[PDB]
Every structure is written in structure tokens, then in C-alpha cells.
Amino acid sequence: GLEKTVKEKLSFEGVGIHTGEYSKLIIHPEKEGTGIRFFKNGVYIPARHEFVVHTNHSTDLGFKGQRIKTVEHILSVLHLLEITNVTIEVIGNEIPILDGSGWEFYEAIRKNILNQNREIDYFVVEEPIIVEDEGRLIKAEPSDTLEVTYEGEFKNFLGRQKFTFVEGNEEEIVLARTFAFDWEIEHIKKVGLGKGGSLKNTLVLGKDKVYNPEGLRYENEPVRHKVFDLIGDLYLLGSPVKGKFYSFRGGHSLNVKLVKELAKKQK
């Protein structure tokens, strides 16, 4: 595919799920070879793994004293639409969470794609690889297309579910929202996070209940979201990815570990 950027500036604003603070984004067009990067207080933070600074409950990037929290959803949408050249100006310390999914980003960006004059230089998984961490495990192997499968094992009604994304099924994961269990809310809050969470941007699940009045968008909405999160984390490789991934109970922390592993293998 050809490198892409946006036709014109696109902006989004709202509260950040973790900081509880208001913030805004302005996605700026860029020319071939630029890549995806953020801009905050006069500092450019490339959307690459070398700049990750936190992976608990979100993926945060930082550089020269400037940090930006929760870049996973905007990067996932960008990865899925294959937007390769843009500068994401950030007014705040975190990306707006919006409704908790990538729907708003997806719809806006989708109808503003501008093809450019350069073939995408995809990051291609050359050989099989596995990363583990106390039960959690992610596996990557060669593939002509981006295929991501996530298998979750929850200690609640969700039980054991798995979902597979394949190129062309973008619309099946871009509406899946971020979720949290009532029993982990005190922790998240205690550790300085989740200050902006609500039933309006987060799916709260109990041992056998769903607090959101609207319920689940899909019976397996949670693993679809995990797939969504992983697509965004994979974009930290620097360019659109081509490979087959299988994540069992993975999180941002393991996703990033896998990313640095693939990167290390100068792939």
C-alpha cells in the first residue's frame, strides 16, 4: 500500500481516562517519510517503542520531560487505516478517551485519507517468536497480512473467549470499548490512575454483572478491545505491521515487551 496522511487537520477533545483532565488533539498532515509522531510543548515524541515510559493500564510515551498518556487507541486506528505520516499535536497530558473505543477517530480519519507517493515499508515478522510473563503469553509468526488473535480467560461470566482480527475486519474492533472490573477500581484509583473514568467511557464488569445500562456492544467486546489495544501497541514498531499474532491474557506491558523483542531482532 501507499503511505497515507490526512487531507486536512482533524481535531478531537475530551477528558483523559486516567488524568481526569481535559485535553485536545490536532492531527496534522505530513509528507512522505515523516512517520507518526506526537508534539507537546515544543517537543516531538515519535510513536516508537524507544519512547515508551509506562505500560500499566495504558501505553505512555515521553521524551525530553514531555509525557503523553494513553496513545494506544489513536495509534491503533492509525495503524488500521495505514496512516503513516502525521504529527499529533497534543494539548494536555493524555489522549482524550472519548467513548472508550476508536470509533470517533476511525470515522473522522477514514474519510480524510490522502494517499501519497511512496510505497509503505512494512515491518515484517521474519521468524517465529514468543514472550511470556506469569501466565500471559504472546506469539508472533510470519504472515502476508496483519492477523491478530486474542484469547482471554476472565474470572467472571466472560469466562474464556477469543477473537481474531484479519485485514478487512477493521470495523469489528474499532467500537469495542475499554473495560474494567469493579474489583479493580479501587486499585486503579489508588495508584493515581482512572481519574477520568466513567460508565460513559468505560465498560464496568462485575463477577456476574454489567453496570453500563447499555450493556455490551458484543458478547466478547472485551477481547475485541484487547485485540484493538494490541494493534495500537504493534504500531510502536515504527511502521504498519505484517504478521500473525496470538496473545493469551496479554496486556500493554507484554505487548510492548514483544515489540522491543521484534525490534531487537533488527527485523
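Residue numbers run from 1 along the displayed sequence.
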Avg C-alpha B-factor, entry values, 157-165 vs 135-143, higher side is 135-143
Mean B factor on CA atoms, stretches 222-230 and 33-41, record says higher is 33-41
Can you tell me which of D99, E72, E94, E107 has the highest Cα temperature factor in the record?
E107
Just grab whichever of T178, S76, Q116, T84 has the top CA B-factor as deposited.
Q116
Entry-reported Cα temperature factor of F245, expressed as the chain third it lands in
middle
Consider only the C-alpha atoms of the modelled residues in this chain, order them by B-factor as the entry records it, and name the third containing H18: lowest, middle or highest.
lowest
Can you work out whether the C-alpha temperature factor of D208 puts it in the lowest, middle or highest third of the chain?
highest
Quick tally, chain-level thirds of C-alpha B-factors: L10 sits in the highest
For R67, return the chain-relative third of its C-alpha B-factor as stated in the PDB record: lowest, middle or highest.
lowest
